[PDB]
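# Got an experimental structure here, sequence first:
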Amino acid sequence: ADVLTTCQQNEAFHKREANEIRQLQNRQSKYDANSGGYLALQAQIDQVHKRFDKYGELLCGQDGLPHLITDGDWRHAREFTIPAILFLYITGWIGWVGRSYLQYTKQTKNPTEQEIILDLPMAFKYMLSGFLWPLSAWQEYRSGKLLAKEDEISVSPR
Amino acid sequence: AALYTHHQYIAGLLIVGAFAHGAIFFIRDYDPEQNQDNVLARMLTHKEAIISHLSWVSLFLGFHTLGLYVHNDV
Amino acid sequence: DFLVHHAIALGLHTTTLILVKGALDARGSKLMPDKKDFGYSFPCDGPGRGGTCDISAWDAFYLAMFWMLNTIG
Amino acid sequence: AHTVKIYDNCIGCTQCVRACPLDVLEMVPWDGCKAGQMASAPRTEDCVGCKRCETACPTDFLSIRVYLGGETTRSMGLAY
Amino acid sequence: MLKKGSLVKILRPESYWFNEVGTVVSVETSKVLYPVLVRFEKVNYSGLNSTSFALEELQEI
Amino acid sequence: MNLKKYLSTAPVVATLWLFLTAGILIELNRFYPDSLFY
Amino acid sequence: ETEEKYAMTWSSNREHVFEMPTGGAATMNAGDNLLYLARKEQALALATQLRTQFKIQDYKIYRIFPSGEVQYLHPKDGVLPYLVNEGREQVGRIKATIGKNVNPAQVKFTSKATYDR
Amino acid sequence: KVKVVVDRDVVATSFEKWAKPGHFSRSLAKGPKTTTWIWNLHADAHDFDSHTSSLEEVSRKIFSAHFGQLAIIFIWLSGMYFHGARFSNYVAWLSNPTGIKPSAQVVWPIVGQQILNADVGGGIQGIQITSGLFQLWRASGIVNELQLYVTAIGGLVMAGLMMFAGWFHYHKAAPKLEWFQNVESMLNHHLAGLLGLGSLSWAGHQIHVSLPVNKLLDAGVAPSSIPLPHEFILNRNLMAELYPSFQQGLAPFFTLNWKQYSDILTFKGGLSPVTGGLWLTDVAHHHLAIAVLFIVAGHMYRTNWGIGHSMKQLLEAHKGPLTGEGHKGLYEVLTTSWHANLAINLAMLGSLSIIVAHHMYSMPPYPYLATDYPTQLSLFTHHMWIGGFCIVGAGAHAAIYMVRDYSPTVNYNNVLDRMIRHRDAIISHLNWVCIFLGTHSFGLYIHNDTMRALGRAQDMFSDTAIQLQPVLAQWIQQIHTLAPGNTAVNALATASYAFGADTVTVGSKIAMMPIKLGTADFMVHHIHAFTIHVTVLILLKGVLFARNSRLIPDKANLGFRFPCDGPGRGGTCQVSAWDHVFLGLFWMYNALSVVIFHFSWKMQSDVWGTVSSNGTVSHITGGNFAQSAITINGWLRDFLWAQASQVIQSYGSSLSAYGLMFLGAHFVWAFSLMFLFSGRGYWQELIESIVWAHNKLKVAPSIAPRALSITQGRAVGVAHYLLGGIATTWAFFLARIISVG
Ligand code: CLA
Ligand code: CLA
Ligand code: CLA
Ligand code: CLA
Ligand code: CLA
Ligand SMILES: CC1=C(/C=C/C(C)=C/C=C/C(C)=C\C=C\C=C(C)\C=C\C=C(C)\C=C\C2=C(C)C[C@@H](O)CC2(C)C)C(C)(C)C[C@H](O)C1
Ligand SMILES: CC1=C(/C=C/C(C)=C/C=C/C(C)=C/C=C/C=C(C)/C=C/C=C(C)/C=C/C2=C(C)CCCC2(C)C)C(C)(C)CCC1
Ligand SMILES: CC1=C(C/C=C(\C)CCC[C@H](C)CCC[C@H](C)CCCC(C)C)C(=O)c2ccccc2C1=O
Ligand code: SF4
Ligand code: SF4
């Protein structure tokens, strides 16, 4: 592969690192060593080095910018697959505990009042119970509690 | 450039028209009794499933495409 | 090319959504269960039932044209 | 002219007749509902198609329905 | 056999509450076309929560 | 008790929860800046 | 003249200040009143005002044709239309509900509408 | 007759109603069944005359809400002073006003946003500010951060006092209706007490603090070396050194030997050659003269001592043979309707914001304002927008008056009634004037675009072809140039260098100079006449037809704000007075956009720029306005395309936030079109399918999702259109002028 190379071995990537430091140093040249302007610009220079070193392990285009592989290849798992799993775990949690609370409110006397004025104790109960939502969701699916029946859902005339 | 653009705008007008005549067909020509439980009647039967999933994919693409461009711009 | 292709996918799906919603709701919705009696193109069913501007299947054509132009853009 | 129809689910509430700014509608005796009366549309030559009647109708779905038809000086609400 | 409090499933397609369960409020004794007043929790698009049905349009659930 | 009901109203809980959420994300980017991958 | 006009007659005990449906304040006569209006809706809008604000019930609205014909319009039977009155024959009734209306396909290339049973 | 009367402990201070959303409305108090309720809660929260029928209870809410507004203004001002004190280069800027860029916002280092901490100078990195606070604070004599800190603390104490007073005058001591209806008393106090004593007390600050501090600053004394303001008050010798009249003290005031104060109170006109600002001795004298005028003016109206005018008697006296009962009833109208008053007050306050915009650029009142082009452009543009919004608001409240508060009995054959009785004549003539102005103003641009495109420059409306000289404006410029020593005998210089005479420079940069009017200026003025006449058409039509038309004879019954009266009568969308305001906003946006574009380009082309040692003026866009601003293509190319260069090239620089906001604002503008071009019927049907999917997964909310109301769709549409459109220009302007200015 000539289109993608390791950023560590990519000359365009090294050039971008040098350019970004040079721009920050050209700004830093107008400040007197001990000044806040100098120290702030020096902090940014230190983080430029740390960033380019960190992204060295990624694949880089001819542009000298990190390009992410999202095809399922395990060598790039950290780029998409692991963030993807984490995303779905967090949002599955948010959705699940939201559904849990919503189901609670429909058992109360004024369901609509519990949607605009939260029962915080009950909200907390469902929110802290989201951590095994995939098993919880599986158990509701297996038990026929996840889905409403086609018979029971309102539809417009066809 | 002229020919690519010309033909994609014609293609765009044609597909909107196709769906327009699809809608007109359903109002003026579609008889439920003569299509009982066939593939066409079954489309109407789960129209909410179809529309809700098209809504989902549109939202997904919109959030993440705009999201990634705006990430890049910032 | 990745990003703009997802822009193109967004445009195809949304234009499709408007046109398909237009076609499958053309005969009627919960808001207007007798829409087929008013035909393809009519202004609205007036400000009752929350308001009904652009409820006709023709109105879906009108809205889809903006998305078609945007997408071909 | 516009066409105004009254369907059998009319509960004779009179709200459509009260709402009509053109005096198109009136209440007539009828045994079909407990109210003992049904909406009627005898003067649809004066109907402007404003659908204030439909807005006022409490039944699900509507018991009064306005089908906008061929435009006239009267139906277009023209004072010239 | 419907009375005040009976749970009924709606079979009227143009109804906002088609397939929904309502509660029978009253059944009109006098020979009227739509004698069963049914109440729902959901409001329709006009913000109303009841309408009258014929017996044939209801299923005692 | 009425003040607690107010603080349980949609916009207050949304404001406070999204403030907390924004704080966590901001603080993660302060301590773990420039995370382009896991 | 060329088009249809509307005469509105009413009686008042007092000289009430009222709003013209064409805009601006007017004073009705303590006795017989006659206004010419371009639209039936203007006459009825004034009639609503007279009834609600000034409790005037004896208003009469006429259509004047350019031929010279005078057609009494409102209240048609002498009783207000929202009060059920004997001698009124139902117009526009359709049997059953809107749900029983047929498909446009079934009525294509015919005089019939979907609500024609 | 004029008396204080209040009800005591009228409303208990309880959180009970805070936990009851929509307590204030009988319709909302029952709580939501649909999402429409959530929007309605917010749309109705401040519509006090919808909540209660009691004018007293409305008045008391208004008075208390006003204290809430002042409290917030005090927090905002306090903020501006505190940011000046804590996060600014103000002190450094005082020592180098021409070299250092004012900055009073520092961003935190997170996700790389510290790029926005620009190299502004004065030993900080931050966002360059365009509010003109430094020029204001310098004019006020503020030289150190302690003075700014103490003002910021003072601001928070005033914010606290406003909150206490708002709470107090609603919950503890609520004035009765008859208190509020004391319009004569209110006007005496507001004229003599607020404006008169405001101007007198400010003139006091200027003579005692601003004058001495600025004289020493302008001489080149180090701001740290300048005596603190109180030393000028304590030591009169200190003051007498700077202004010798202070030797004679107050004896020349009481004895009418006022010429003795010729040093402190002047009529110089023109500008300081040092600061490019108005002479503060002119401003101090202005404020003294105004103060007297206002204190005298506020003795006009009868209160408790017989003397003074009845405003009722004045209005009823102004009756002629052509205008029926004249101004009879208007006293009753304006003492019984808050909306009537808000209509007038917004019209005048809005119109004032626009006058302020014009007067402040042309007679730069603050030192180093004139040559801070970002601040000049920002202040003009800002005050134009605030003015535009207020004038459209005047239309809204005039129409709300017509629907809710108007009675034919009060307005019987008076000027208001008589206007309604020829609304057809008024609107037909204004319609005509709009078509005449539009064709003969915009048509000249289209003619010109066409002739230039066809290679027919000699057939154009231009300075070099068919000339349209604004000869009346040119003639008025001449009169104002000839004024000093002639028709203004004691004036040493012109009111404004905009009219003629000299080019004022501060360093190398042009503060002000004669603004020459040619064919391009004639043409754009007729565009402004045009856009203002149309806006008036829309809003005035809204007011005169708010209650009825031939189309909707009972429109008042439908109310101020309603979507339509259905598709009948051919279709009645947007007949309501509210919908006229909606349409008025777009035209106000159109009108004012062209005003601020006219300003930006004219000033860059013909006014702002550098003067060399030789003394040759080089303008920012080198005089391209005269030949480019006579075609739309010239506006597109030489203005938008050319001047957008700065905002679109801003990425990777300290101005990158403007680049981002430029795109962000375009996005919000475009997003608005979704709401403006569509109808809720489509959206409610889409939501039905989405609700189906939620029902299928048993996650449908009890608060039923609704499409926005027809009116809210329009409200959302115009709000995003204006936000997007205005913020786009904001980003364009600030990026452009911070770069080239
Ligand atoms: C618990 C809340 C919850 C759950 C489980 C779902 C679940 C779903 N939504 Mg829904 N949605 C919600 C809230 C929720 N939604 C809210 C508040 C809105 C108004 C903004 C919507 C608007 C909406 C639209 C327009 C669409 C969906 C769709 C969907 C489906 C596809 C996945 C998706 O697009 O989600 C992502 C959802 C969004 C981006 C919308 C916003 C989600 C909000 C921010 C989450 C709110 C969480 C809540 C406040 C938690 C409180 C709990 C606590 C009190 C304990 C899925 C059934 C799609 C569909 O029909 O697919 C078939 C679809 O087109 N939703
Ligand atoms: C730039 C212009 C613009 C944008 C951004 C949208 C966006 C959308 N349109 Mg609209 N549309 C437009 C113009 C636009 N339209 C025009 C001119 C018309 C002709 C009238 C239409 C007519 C139209 C129809 C008929 C339909 C759409 C639909 C959609 C949705 C498509 C799916 C999607 O992308 O979801 C992702 C959502 C977005 C990209 C919207 C922006 C989300 C932002 C970025 C999140 C902001 C959060 C952030 C924290 C800031 C908060 C601000 C703060 C003040 C609270 C999306 C909401 C369809 C739909 O609803 O599908 C489900 C649909 O049927 N549009
Ligand atoms: C300090 C405690 C306090 C308490 C417990 C009360 C209690 C009450 N007040 Mg009183 N009042 C107070 C202080 C207080 N008030 C103050 C300081 C003022 C002067 C402003 C008033 C002036 C006042 C008026 C004019 C009225 C009341 C009313 C009421 C009653 C209903 C209030 C409600 O629902 O508000 C809940 C509302 C809020 C929490 C929103 C407040 C918004 C603030 C003022 C401005 C927000 C700043 C800014 C715009 C935020 C922008 C943020 C950004 C995201 C956009 C309730 C009995 C009303 C009534 O009907 O009584 C019979 C009524 O009409 N009060
Ligand atoms: C000298 C008398 C006086 C003064 C200075 C004012 C000033 C004001 N009134 Mg008016 N008012 C007065 C008499 C006065 N009133 C009388 C007699 C009546 C009954 C006839 C009214 C009835 C009235 C109503 C119904 C309303 C006002 C409002 C206002 C405010 C208008 C907004 C504004 O311009 O903010 C300018 C702001 C400032 C100058 C800062 C705050 C000033 C505070 C309040 C103190 C000023 C006076 C104090 C003696 C200063 C001491 C100086 C110090 C060096 C010792 C303004 C603060 C409106 C308002 O907003 O109320 C809250 C309003 O709705 N007034
Ligand atoms: C470029 C966009 C555009 C244009 C050209 C128009 C044009 C007009 N608007 Mg509209 N308007 C617009 C956008 C626009 N609007 C938008 C976006 C909105 C929504 C907010 C509105 C909402 C609106 C309202 C609410 C009103 C207007 C009014 C007007 C008219 C003002 C009077 C006038 O100048 O007529 C003259 C025509 C022009 C200036 C256009 C071009 C003139 C050319 C250059 C000269 C003549 C050419 C010649 C005859 C052509 C012959 C060629 C042919 C033989 C082939 C004018 C017809 C008002 C009105 O009707 O006033 C009486 C009015 O009240 N508009
Ligand atoms: C649980 C629960 C929820 C219930 C949601 C339930 C019903 C979801 C229903 C799903 C439907 C029926 C079919 C789903 C179809 C799944 C698709 C067909 C995904 C195919 C995978 C692709 C093809 C990835 C390929 C690839 C991978 C493998 C590797 C990559 O690197 C490359 C790509 C190319 C991306 C809520 C909503 C209430 C919220 C709550 O919070 C939790
Ligand atoms: C890749 C490839 C391949 C394959 C491919 C394929 C297989 C394709 C497909 C394709 C397709 C498969 C396409 C599609 C399309 C479609 C469309 C475009 C649609 C449309 C539609 C419409 C528009 C409709 C309408 C309507 C309605 C709505 C209703 C009624 C009726 C109607 C129907 C009219 C091959 C091997 C060859 C070669 C190599 C490569
Ligand atoms: C897009 C569009 C809609 C659809 C838009 C709607 C229904 C508004 C969308 C609601 C937003 C997304 C807010 C809802 C968010 C919830 C409050 C949940 C918040 C969750 C956390 C952020 C706290 C209309 O209803 C409409 C009506 C009339 C004319 C034009 C249009 C129109 O253009
Ligand atoms: S409003 Fe509806 S139910 Fe009532 S009388 Fe009229 S048609 Fe019948
Ligand atoms: S505003 Fe909407 S509902 Fe009203 S007439 Fe127009 S399109 Fe119909």
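Noted; the coordinates are in hand. Residues are numbered from 1 along each chain as shown, chains lettered A, B, ... in the order given. Ligands and ions are numbered 1, 2, ... in the order given.
# which SS class is residue G:9?
Here residue G:9 is strand, with the state taken from DSSP: H, G, I helix; E, B strand; the rest coil.
# Okay, and the beta partners of it?
Judged by DSSP bridges, the bridge partners of residue G:9 are residue G:34, residue G:60.
# Might one say that it is in contact with residue G:60?
Yes - at 4.9 Å, residue G:9 counts as touching residue G:60 under the criterion of CB atoms under 8 Å. (C-beta placed from N, C-alpha, C; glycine too.)
# Next one: residue H:687 from ligand 4, what distance?
Here residue H:687 is placed at a distance of 42 Å from ligand 4 (CB to the nearest ligand atom, to the nearest Å).
# same for the strand or helix carrying that residue, what does it pack against?
Per DSSP states H and E, residue H:687 falls inside helix H:680-696. Packed against helix H:680-696, as judged by 3 or more CB pairs under 8 Å, 6 or more residues apart in numbering or on different chains; DSSP states H and E, are the following elements: helix B:47-73, helix C:2-24, helix C:57-72.
# Same drill for residue G:9 and residue G:60, tell me which one is more crowded.
Higher neighbour count among residue G:9 and residue G:60: residue G:60, with 17 against 13, using other CB atoms under 10 Å in any protein chain shown.
# So residue D:34, which state does it fall into?
coil.
# any idea how far chain G is from it?
Residue D:34 sits 13 Å away from chain G, taking CB to the nearest CB, to the nearest Å as the criterion.
# Quick check: phi and psi at that residue.
phi -60, psi -40 (degrees, to the nearest 10).
# surely it meets residue E:30?
Yes - in terms of CB under 8 Å, residue D:34 counts as a neighbour of residue E:30; the distance is 6.4 Å.
# Comparing these two, which shows the higher neighbour count?
Under the criterion of other CB under 10 Å, the comparison of residue D:34 against residue E:30 puts residue D:34 first, with 17 against 9.
# Name all residues that make contact with the more buried one.
Residue D:34 makes contact with D:11, D:12, E:28, E:30, E:32 under the criterion CB atoms under 8 Å, 6 or more residues apart in numbering or on different chains.
# Kindly report the same for residue H:99.
residue H:121 are the contacts of residue H:99 under CB under 8 Å, 6+ apart.
# please redo it, this time with the cut-off set to 10 Å
For residue H:99, the contacting residues are H:92, H:93, H:121, H:122, H:507, by CB atoms under 10 Å, 6 or more residues apart in numbering or on different chains.
# Assign a three-state SS to residue H:111, would you?
Following three-state DSSP, we place residue H:111 in the coil state.
# Would you mind listing what in chain A touches ligand 9?
Nowhere does chain A come near ligand 9, counting by CB under 6 Å from any ligand atom.
# Select only the buried ones of the contacts of residue H:99 in PyMOL?
Buried subset of the contacts of residue H:99, written as a PyMOL selection, criterion 16 or more other CB atoms under 10 Å in any protein chain shown:
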select buried, chain H and resi 92+93+121+122
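# Could you pick out which of the contacts of residue H:99 are located in strands?
Those of the contacts of residue H:99 mapping onto strands are residue H:121, per DSSP state E.
# Could you pull up phi and psi at the residue in chain G positioned nearest to ligand 9?
Minimum separation of chain G from ligand 9 (CB to the nearest ligand atom) falls at residue G:82, amounting to 9.0 Å. Backbone geometry at residue G:82, expressed as degrees, to the nearest 10, gives phi -80, psi -10.
# mind listing what the closest residue to it other than its chain neighbours touches?
Residue nearest to residue G:82 in three dimensions, not counting chain neighbours: residue D:17, with 4.2 Å by CB to CB, 6 or more residues apart in numbering or on different chains. For residue D:17, the contacting residues are D:23-27, D:37, D:39-41, D:53, D:56, D:64, G:80-84, by CB under 10 Å, 6+ apart.
# any idea which helix or strand carries residue D:17?
helix D:15-19.
# same thing with residue H:268?
Of the helices and strands defined by DSSP H and E, none includes residue H:268.
# residues near it, how many?
15.
# Test my guess that residue G:59 contacts residue G:18.
No - at 11.7 Å, residue G:59 does not count as touching residue G:18 under the criterion of CB atoms under 10 Å.
# Need the overlap of contacts for the two.
Counting by CB under 10 Å, 6+ apart, the contacts common to residue G:59 and residue G:18 are G:33, G:46, G:49, G:50.
# Throw these into JSON lines and include distance to residue A:105, thanks.
Shown next, in JSON lines, are the shared contacts of residue G:59 and residue G:18 (distance: CB to CB, whole Å):
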{"residue": "G:33", "distance to residue A:105": "60"}
{"residue": "G:46", "distance to residue A:105": "51"}
{"residue": "G:49", "distance to residue A:105": "48"}
{"residue": "G:50", "distance to residue A:105": "51"}
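# so the helix holding residue H:687 versus helix B:47-73, what angle?
100 degrees (axes from the mean of the first three to the mean of the last three CA atoms, to 10 degrees).
# Many thanks, have a good one.
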